Amino acid sequence: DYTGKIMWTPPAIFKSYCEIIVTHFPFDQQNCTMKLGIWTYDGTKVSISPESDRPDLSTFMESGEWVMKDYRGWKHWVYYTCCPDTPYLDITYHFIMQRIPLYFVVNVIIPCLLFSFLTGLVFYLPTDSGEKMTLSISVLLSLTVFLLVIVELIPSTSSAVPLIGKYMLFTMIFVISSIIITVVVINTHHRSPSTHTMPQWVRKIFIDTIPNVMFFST
Amino acid sequence: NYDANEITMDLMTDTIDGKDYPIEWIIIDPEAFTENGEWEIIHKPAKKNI
Amino acid sequence: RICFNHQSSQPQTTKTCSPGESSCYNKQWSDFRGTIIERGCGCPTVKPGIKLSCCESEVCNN
Amino acid sequence: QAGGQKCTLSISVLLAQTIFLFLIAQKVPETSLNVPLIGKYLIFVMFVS
Ligand SMILES: *[C@@H]1O[C@H](CO)[C@@H](O[C@@H]2O[C@H](CO)[C@@H](O[C@@H]3O[C@H](CO[C@H]4O[C@H](CO[C@H]5O[C@H](CO)[C@@H](O)[C@H](O)[C@@H]5O[C@H]5O[C@H](CO)[C@@H](O)[C@H](O)[C@@H]5O)[C@@H](O)[C@H](O[C@H]5O[C@H](CO)[C@@H](O)[C@H](O)[C@@H]5O)[C@@H]4O)[C@@H](O)[C@H](O[C@H]4O[C@H](CO)[C@@H](O)[C@H](O)[C@@H]4O[C@H]4O[C@H](CO)[C@@H](O)[C@H](O)[C@@H]4O)[C@@H]3O)[C@H](O)[C@H]2NC(C)=O)[C@H](O)[C@H]1NC(C)=O
């Protein structure tokens with residue numbers, strides 16, 4: 001302008017460093033910042049001041065994976081002990097982002113639910129048929145092959161164990177416990193009287209008590 | 001760009017109580033540092049080698 | 001109750017702590033440029049590598 | 001009866017569908033506004049299995 005007022009508005013791709021918390025992934029909220037300042041000058045030569053309290057999101061393209069909850073900018077003054085009256089200035093904009101948890105519910109969670117229900121089904125299958133181990137171990141194989149999708153999709157960071165990973169590991173130990181207990185049931189079924197005599201506690205608890213207690217049965 | 005008879009590399013120095021000491025380490029702001037998701041720093045020395 | 005709150009080597013200033021606050025702190029750390037000293041009310045937690053002191057008397061965080 | 005392999009066949013079809021999950025996982029868009037038709041059909045068939 002003819003008064004010397006200058007307005008410059010250049011574009012930029014900002015790649016910022018951000019502490020990412022994955023404790024609640026895929027239902028996690030992130031607070032991400034952009035710290036700006038003058039590099040070679042101090043607050044006595046070049047002063048900066050924010051134009052508004054909140055960033056400008058009037059032309060913001062909706063994301064598809066994230067929802068903007070709040071955003072605000074703050075200006076800071078920093079003094080050092082070596083220089084009593086020299087301030088160092090910086091404006092810090094922050095953005096609070098909530099994740100849309102659908103891609104990760106349909107691609108990682110529903111299969112785990114399915115596998116857990118199947119892990120429970122094995123106990124209604126009679127040992128006379130020779131397929132209890134087939135069923136159990138095939139459920140385990142499917143879960144191990146799904147691990148390939150989990151490793152392809154989930155973030156491989158070691159800051160903490162995510163919630164989705166706690167669930168994957170609960171399912172794993174659930175399946176493995178089912179398999180162990182299935183092997184103990186099969187062993188108890190093919191038990192030869194020639195070598196093993198039924199003890200009194202087993203004949204009392206599993207023949208004369210629970211059968212009667214069991215209501216939902218035939 | 002220059003040989004050791006023309007340019008000498010050294011480590012920078014500080015002052016605590018009128019005395020000088022060399023800065024034999026990488027400097028890390030303990031307040032503005034976000035740790036890496038997979039790697040934690042144990043040692044970070046610095047050395048002038050001849 | 002009454003604590004200093006000025007930064008580093010700034011002209012001394014004071015603040016009044018919130019009802020109940022029995023403590024007072026002094027946080028110091030260094031970066032590429034120099035040494036920063038933060039003072040205020042309470043006894044806060046701090047990231048590793050930072051000096052921290054806490055005091056339950058009056059104007060004792062200088 | 002023992003030898004018909006009814007569970008064998010059904011659980012092996014489930015395993016094959018679990019491999020098709022990884023194959024599709026490598027191709028679908030990663031947005032979260034709608035569920036694709038291919039992934040919807042995979043969920044359907046795995047629930048029927
Ligand atoms: C997501 O992540 C985000 C990033 O991590 C996170 O952002 C953070 O948000 C919080 C808020 O939730 C922000 O906190 C606010 O920060 C404001 C800015 O602080 C800086 O500036 C202060 C002012 O400095 C001027 O005034 C001083 C005297 O008062 C002078 O000593 C200074 O030299 C300077 O003077 C200049 O300006 C004067 C007036 O403009 C002028 O007279 C003078 O001549 C000269 O020109 C500094 O004091 C302050 O420094 C303090 O804090 C730093 C640490 O940040 C310490 O190291 C320092 O030692 C020092 O203690 C900063 O440099 C603050 O103003 C604001 O404070 C007010 O509110 C808090 C609330 O707790 C009060 O405790 C405080 O007393 C203030 O009270 C206010 O109360 C009401 C309004 O609420 C009002 O009536 C009253 O008058 C007063 O204003 C507050 O702390 C924080 O900065 C953000 N961090 C960032 C951006 O990194 C975000 O929250 C996250 N989101 C989530 C998790 O949801």
Side-chain angles (χ1 to χ4, degrees), chain A residues 14 16-25 27-38 41-57 66-99 159, chain B residues 29-35, chain C residues 1-21 23-55 59-62:
Chain A
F14 278 178
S16 298
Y17 208 80
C18 186
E19 189 187 1
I20 289 290
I21 302 298
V22 293
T23 304
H24 301 300
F25 181 99
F27 315 103
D28 53 301
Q29 169 176 296
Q30 307 293 347
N31 184 357
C32 280
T33 73
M34 313 170 173
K35 194 189 177 195
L36 297 149
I38 309 289
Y41 284 101
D42 58 304
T44 54
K45 310 288 187 193
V46 179
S47 171
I48 61 169
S49 303
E51 183 195 6
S52 75
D53 298 0
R54 301 193 67 181
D56 188 8
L57 272 76
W66 297 97
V67 181
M68 279 298 155
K69 298 293 183 182
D70 204 6
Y71 52 90
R72 179 141 297 118
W74 289 107
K75 169 179 180 179
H76 307 283
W77 298 259
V78 174
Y79 294 88
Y80 289 96
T81 61
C82 56
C83 298
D85 278 296
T86 297
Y88 291 86
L89 317 170
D90 62 358
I91 300 161
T92 301
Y93 299 99
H94 82 249
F95 309 80
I96 294 148
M97 295 181 286
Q98 181 65 253
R99 171 177 258 134
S159 301
Chain B
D29 187 323
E31 174 68 30
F33 192 66
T34 296
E35 190 151 336
Chain C
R1 292 297 293 297
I2 284 168
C3 283
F4 292 119
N5 65 351
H6 56 293
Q7 313 194 35
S8 303
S9 291
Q10 283 323 288
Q12 281 201 309
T13 62
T14 300
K15 68 179 306 305
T16 289
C17 299
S18 85
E21 200 52 87
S23 296
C24 204
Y25 77 92
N26 181 301
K27 188 172 174 181
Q28 164 176 333
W29 74 93
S30 298
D31 63 358
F32 60 115
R33 315 196 172 109
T35 296
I36 317 181
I37 290 176
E38 183 195 0
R39 324 175 164 78
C41 287
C43 188
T45 64
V46 311
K47 323 176 73 191
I50 307 175
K51 291 177 70 68
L52 177 67
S53 172
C54 291
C55 179
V59 294
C60 60
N61 54 349
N62 188 25

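The sequence lines fix the lettering, A, B, ..., with proteins before strands; numbering per chain opens at 1. Each ligand, and each atom within it, is numbered from 1 in the order the structure gives. We use all heavy atoms of the structure for the numbers below, so side chains are in, but hydrogens, waters and symmetry mates are not.
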Please produce the table of protein N or O atoms sitting under 3.5 Å from N or O atoms belonging to ligand 1, one pair a line, distance to 0.1 Å.
unit_1	atom_1	unit_2	atom_2	d
ligand 1	2 (O)	A:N31	OD1	3.2
ligand 1	2 (O)	A:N31	ND2	2.3
ligand 1	33 (O)	A:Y79	OH	3.4
ligand 1	63 (O)	A:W77	N	3.2
ligand 1	63 (O)	A:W77	O	3.3
ligand 1	102 (N)	A:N31	ND2	3.0

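Side-chain atoms of A:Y80 and C:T35, non-hydrogen and from C-beta on, never get closer than 4.5 Å to each other. For the pair A:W66/A:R99, a side-chain contact is recorded, criterion being any heavy-atom separation below 4.5 Å from C-beta on.
Evaluation of the salt bridge (charged side-chain N to carboxylate O under 4.0 Å, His left out) rule for B:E31 yields C:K27 as partners, not counting sequence neighbours. Under the disulfide (SG to SG under 2.5 Å) criterion, C:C54 pairs with C:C43, not counting sequence neighbours. Residues passing the salt bridge (charged side-chain N to carboxylate O under 4.0 Å, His left out) test with A:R72, sequence neighbours excluded: A:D70.
Residues C:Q28 and C:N26 have side chains that never bring a donor and an acceptor to within less than 3.5 angstrom of each other.
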